[PDB]
Amino acid sequence: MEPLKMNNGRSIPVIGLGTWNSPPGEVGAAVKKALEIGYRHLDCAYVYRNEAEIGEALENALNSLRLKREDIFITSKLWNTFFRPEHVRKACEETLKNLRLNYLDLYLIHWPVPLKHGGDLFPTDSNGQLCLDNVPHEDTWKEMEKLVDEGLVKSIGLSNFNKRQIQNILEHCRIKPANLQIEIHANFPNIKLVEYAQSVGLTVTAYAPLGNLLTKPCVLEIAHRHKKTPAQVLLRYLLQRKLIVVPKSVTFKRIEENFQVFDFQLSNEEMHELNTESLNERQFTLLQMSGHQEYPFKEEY
């Protein structure tokens, strides 16, 4: 089905390959496999430290599959240690260098919690405490906006921001965020935040869309009824809530399975059942940032 239309007129494919700091050589092969299968959207991040492997696999795949750059949607994310305005540009340029691209389709602020610049990706005490930094969200955003002005990035957005924090960005911005990426799945539907974000015109991407979920009885019943797999039901559930999904995998069979979600429809009763059976508990809490003023998950949503 059809790419989601964003508030700036551009479109984003409703499924993309999620990447992560997987064992060496796995991501490169995953990128190629995904693109062969039909994926046209890759979700990346500086912090996984594998954008160079991705960039190479990507460049070789476009060539062997005879695909054009503009046929693919590429997302990357600005990491917490580069949120100070004077560092944003170089971090983006670095990511683009590694990905071997001239521009990104989408660039997200990875978290609302800045970390000290100039060392490791997770600057840490000898108490094991994270070295926090203080940088207003609107100041980082101003630099993100310049990336759009300059053509280095087509659309900008947010990751792991809460309602309050998004409100503030929208109140100050010249260029609105086009996308919000947050944890969403049947065991954590994140309904209030999703409804809020869509109400102000953002598109919303579910990360960790499979979240044990694959084992839940109602999930299995519904998969059986439709003659699809559990993962396929879990993704369709999110797709029917008008979400983009970026399921992470480096296993060929899973990459392929995740993509076969466009030839059936969950009924209203099935949708409702999944919602009422939800746990619902946040899986990705990053508690080591919980001491920061802008830690996103203490507010209701």
Side-chain angles (χ1 to χ4, degrees), residues 5-12 43-47 51 73-99 101-119 121-123 130-182 193 196-205 207 244 286 289 291-297 299 301:
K5 195 193 212 172
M6 295 185 296
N7 56 13
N8 63 5
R10 305 178 188 272
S11 300
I12 180 170
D43 181 272
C44 313
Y46 181 98
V47 69
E51 296 189 307
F73 194 106
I74 306 287
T75 295
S76 187
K77 318 191 186 63
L78 174 66
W79 182 245
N80 308 22
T81 55
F82 306 97
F83 288 175
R84 286 202 177 236
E86 68 265 30
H87 297 130
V88 176
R89 167 66 52 110
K90 293 188 175 295
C92 187
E93 287 178 336
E94 156 95 315
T95 276
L96 286 165
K97 178 174 173 205
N98 288 334
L99 288 179
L101 298 179
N102 304 309
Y103 70 88
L104 297 171
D105 292 275
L106 183 56
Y107 201 42
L108 306 183
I109 304 186
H110 208 137
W111 288 93
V113 176
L115 264 29
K116 183 181 78 79
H117 175 275
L121 270 63
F122 288 83
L130 243 33
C131 295
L132 276 12
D133 195 9
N134 302 345
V135 185
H137 295 153
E138 57 274 22
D139 296 354
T140 302
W141 189 258
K142 275 211 273 307
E143 282 304 307
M144 296 287 286
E145 291 180 325
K146 289 183 185 166
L147 297 172
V148 173
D149 294 343
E150 301 257 85
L152 297 168
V153 166
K154 302 299 198 182
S155 305
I156 49 182
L158 305 167
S159 181
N160 300 301
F161 276 56
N162 66 26
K163 173 177 173 184
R164 210 202 75 241
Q165 293 167 326
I166 300 169
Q167 281 171 320
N168 176 69
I169 284 286
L170 284 166
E171 233 289 82
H172 285 91
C173 69
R174 162 168 59 90
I175 299 175
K176 295 205 266 206
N179 175 258
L180 171 69
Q181 181 175 129
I182 42 177
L193 182 52
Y196 164 75
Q198 296 173 337
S199 83
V200 294
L202 302 213
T203 65
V204 183
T205 294
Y207 78 72
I244 295 104
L286 219 318
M289 294 180 318
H292 197 272
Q293 177 79 203
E294 299 297 338
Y295 175 74
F297 304 143
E299 280 158 71
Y301 71 94

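The first residue in the sequence is number 1, and the count goes up from there. In what follows, every heavy atom counts, from backbone to side chain, and hydrogens, waters and symmetry copies are set aside.
- Test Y107, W111, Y46 against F82 for ring pair (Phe, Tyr, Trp, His ring centres under 6.0 Å) and you get one pass: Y46.
- Side-chain contact between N160 and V113: absent, with no pair of heavy atoms (C-beta onward) separated by less than 4.5 Å.
- Under the 4.5 Å side-chain criterion, counting only non-hydrogen atoms from C-beta, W141 is in contact with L158.
- The closest side-chain heavy-atom distance from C92 to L78 is not below 4.5 Å.
- Side-chain contact between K176 and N8 is absent, with no heavy atoms from C-beta onward closer than 4.5 Å.
- Summarising the geometry of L99 relative to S76, their closest heavy-atom pair is CD1-CB, 4.4 Å, with the distance given to 0.1 Å.
- For the pair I12 and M6, the minimum side-chain heavy-atom distance is below 4.5 Å.
- In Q293, the CD atom is not crowded: 12 or fewer heavy atoms of neighbouring residues, nucleotides or ligands sit closer than 6.0 Å.
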Side chain to side chain donor-acceptor pair (under 3.5 Å) between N179 and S155, worked out: CA-CA 8 Å; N179 175 258; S155 305; over 6 Å; no
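- Ion pair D149/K146 not flagged as a salt bridge, since none of the NZ, NE, NH1 or NH2 atoms sits closer than 4.0 Å to an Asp/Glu carboxylate oxygen.
- In this structure, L108 and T205 have side chains that are not in contact, with every pair of non-hydrogen atoms separated by 4.5 Å or more.
- Scanning for side chain to side chain donor-acceptor pair (under 3.5 Å) contacts around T95 gives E51, with sequence neighbours left out.
- In this structure, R84 and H117 have side chains that are not in contact, with every pair of non-hydrogen atoms separated by 4.5 Å or more.
- Side-chain atoms of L115 and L132, non-hydrogen and from C-beta on, do get closer than 4.5 Å to each other.
- Not counting sequence neighbours, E93 has no partner by the salt bridge (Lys or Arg N to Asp or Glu O under 4.0 Å) test.
- Under the salt bridge (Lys or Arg N to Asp or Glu O under 4.0 Å) criterion, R164 pairs with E294, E299, not counting sequence neighbours.
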